[PDB]
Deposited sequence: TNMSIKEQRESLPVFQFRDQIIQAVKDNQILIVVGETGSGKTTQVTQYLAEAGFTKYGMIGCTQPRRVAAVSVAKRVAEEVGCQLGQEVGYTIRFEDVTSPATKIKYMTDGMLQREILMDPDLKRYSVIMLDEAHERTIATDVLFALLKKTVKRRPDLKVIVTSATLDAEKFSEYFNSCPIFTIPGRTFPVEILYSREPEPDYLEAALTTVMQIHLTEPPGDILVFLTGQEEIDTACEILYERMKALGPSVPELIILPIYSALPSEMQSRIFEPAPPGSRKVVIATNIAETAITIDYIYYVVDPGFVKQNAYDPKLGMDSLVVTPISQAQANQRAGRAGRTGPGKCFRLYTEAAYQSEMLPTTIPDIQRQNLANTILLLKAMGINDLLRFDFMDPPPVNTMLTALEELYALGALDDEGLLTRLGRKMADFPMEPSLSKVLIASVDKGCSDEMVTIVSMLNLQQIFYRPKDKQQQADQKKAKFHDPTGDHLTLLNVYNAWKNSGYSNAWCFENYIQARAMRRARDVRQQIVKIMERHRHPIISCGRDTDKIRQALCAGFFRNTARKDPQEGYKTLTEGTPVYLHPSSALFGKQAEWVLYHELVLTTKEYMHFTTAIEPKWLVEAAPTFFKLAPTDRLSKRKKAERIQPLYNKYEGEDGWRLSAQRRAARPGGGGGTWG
């Protein structure tokens, strides 16, 4: 049984406020909890309420923005409770419902509560909902603010806790009917903040220069540096290696480790391995290392002050990944990573005035800079109509919502009055953007649903093809073996099929430079998608060698994303470019359909496939007029 586990729970700062928070949650229906980093609110508050009997008539739900945090928090809470995982304490995430009729405390992804609230608007199974990591501002969390604010009026018994950063506390309060704010101190350590005197013309080189000084002019302690992209991070490690070699073998070893989402898990694990005696560790990271990945024994942070941010342009149907200055909170999250284990220093390569007057206090929330076609279909399915007037804490741009409503109209998900159609309600069952659900349903009439479920499973995935620095040409040679003459959609089909016919081999993934993590998730998606298809009584049909049927069906959902070769978009005529990764790169194709258009260094079409103009007027008869 537990020996010293009780001491661990009572050692946490939140234990000093135990009695007071239990009182605050019986007093107030909605409550804001600000808990600084070390507080222990995540693991304890759920248990404090269960211990006070809040579990008697209702279950306790706690949302997390990330899957890994739902499982890790649930596992830790379960050991403190002393019960098997999935009994008294459980977690629910996509493809992993680890709960049983005995579960009184349930940790889940925000996304999961979003999806639950569609089938049960009053969330009858739950007595208490806690939204953890509310400061992250994930679209799901922002949606849950609005829905739960309406749910509280419907059910007076149900209690809601919402977490917040200190700066947004009063904002969140006024949103939630000016309910009270409970503050809980953390255990974090001081961090000395060093601003640059004159701004640095090259942030990459300045960051590398700062890393060398810290390694040679500072006491023992590992370094976390934040850069923006995998290619930039990969290049920085080689440059920093070359520079340390150039200095003698007299100088202490500096161990240079990249960290990014694209990186394989085996390579990711080494950043946690401790530094041999007399060595220093420098992790070169994206913003993945702000919240998502936690690295022990970090005492120095290099903050060049740049992140790659998403921004959606609805008039152009284009995402922008631009390197932009980070928010003040982001800089503070980056700084705080050196004070987690013990006291530390953070080297910001910008002026103090630049931080104070040239940096936004908070990062723009996601709901205000992503395509919302998905979110709006879900809210329509929940029976909400005047979405322009919907009660979002931070309302998204009006043009973005209007284009999302126009896209749902064009797919048949809304009628001329903007009410949800029978088709729309069906498309809302599919956990994907409407355009993909549209294509799955078009694929039944075309006789190609078997291929289309594979293709739609591969659209969801991130970093399908692995491109390591030293073996870039070897990777592209192996990728080209799968190229379909028509383009990227049937290449994804080829890749999934070759993996299946390899016996789902990790070795075959490694030898063909393909991320097994991606193929594994696609398979799990394909199984969930097939179950949804059976439920709506849509047969799974193979088109055999007749792959024109797949391309015809794709026209049903992606007609808006189309271009014609000088490429220019048919809808606006804006110039767009084939991505160098595309199976169509070297190749001629007059008419093209693309999954997504993203401005990095160029306006690049993603997953482009060659199509025939007749299919566009076949698939979308009202959205193409003919003319000589």
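Numbering the deposited sequence from 1, one finds several regions with no C-alpha coordinates, namely 567 to 570, 633 to 677.
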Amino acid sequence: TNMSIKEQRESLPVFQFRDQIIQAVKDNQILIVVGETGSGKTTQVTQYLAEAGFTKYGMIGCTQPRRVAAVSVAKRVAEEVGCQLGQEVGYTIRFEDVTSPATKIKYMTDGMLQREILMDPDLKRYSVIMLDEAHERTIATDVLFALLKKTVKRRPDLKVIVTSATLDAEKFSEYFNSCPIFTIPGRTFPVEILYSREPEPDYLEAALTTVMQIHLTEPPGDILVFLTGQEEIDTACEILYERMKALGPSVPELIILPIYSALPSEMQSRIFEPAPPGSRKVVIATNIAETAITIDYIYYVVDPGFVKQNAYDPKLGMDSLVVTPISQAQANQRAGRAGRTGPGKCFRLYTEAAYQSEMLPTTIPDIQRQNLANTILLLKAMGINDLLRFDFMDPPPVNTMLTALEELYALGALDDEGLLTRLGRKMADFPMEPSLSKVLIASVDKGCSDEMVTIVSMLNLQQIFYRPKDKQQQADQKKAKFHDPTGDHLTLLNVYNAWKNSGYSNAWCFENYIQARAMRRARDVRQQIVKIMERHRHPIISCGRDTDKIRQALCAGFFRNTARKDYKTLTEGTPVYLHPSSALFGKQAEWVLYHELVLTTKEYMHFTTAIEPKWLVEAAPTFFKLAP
From here on, numbers count along this sequence of modelled residues.
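Of the two segments examined, 110 to 118 and 176 to 184, it is 176 to 184 that shows the higher average Cα temperature factor in the deposited entry. Taking only CA atoms, the mean B-factor in the PDB entry is higher for 26 to 34 than for the other of 26 to 34 and 591 to 599. Ranking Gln515, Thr228, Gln474, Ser261 by Cα temperature factor from the entry places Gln474 first. The maximum CA B-factor among the listed residues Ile129, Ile455, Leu216, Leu377, taken from the PDB record, is found at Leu216.
The entry lists a Cα temperature factor for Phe607 that places it in the lowest third of the chain's modelled residues. Residue-level temperature factors show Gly58 in the highest third of its chain, judged at the C-alpha atom. When the modelled residues of the chain are ordered by their C-alpha B factor, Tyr312 lands in the lowest third. Among the modelled residues of its chain, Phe558 has a C-alpha B-factor that falls in the lowest third according to the deposited record. Per the PDB record, residue ranking by Cα B-factor puts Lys568 in the middle third of the chain.
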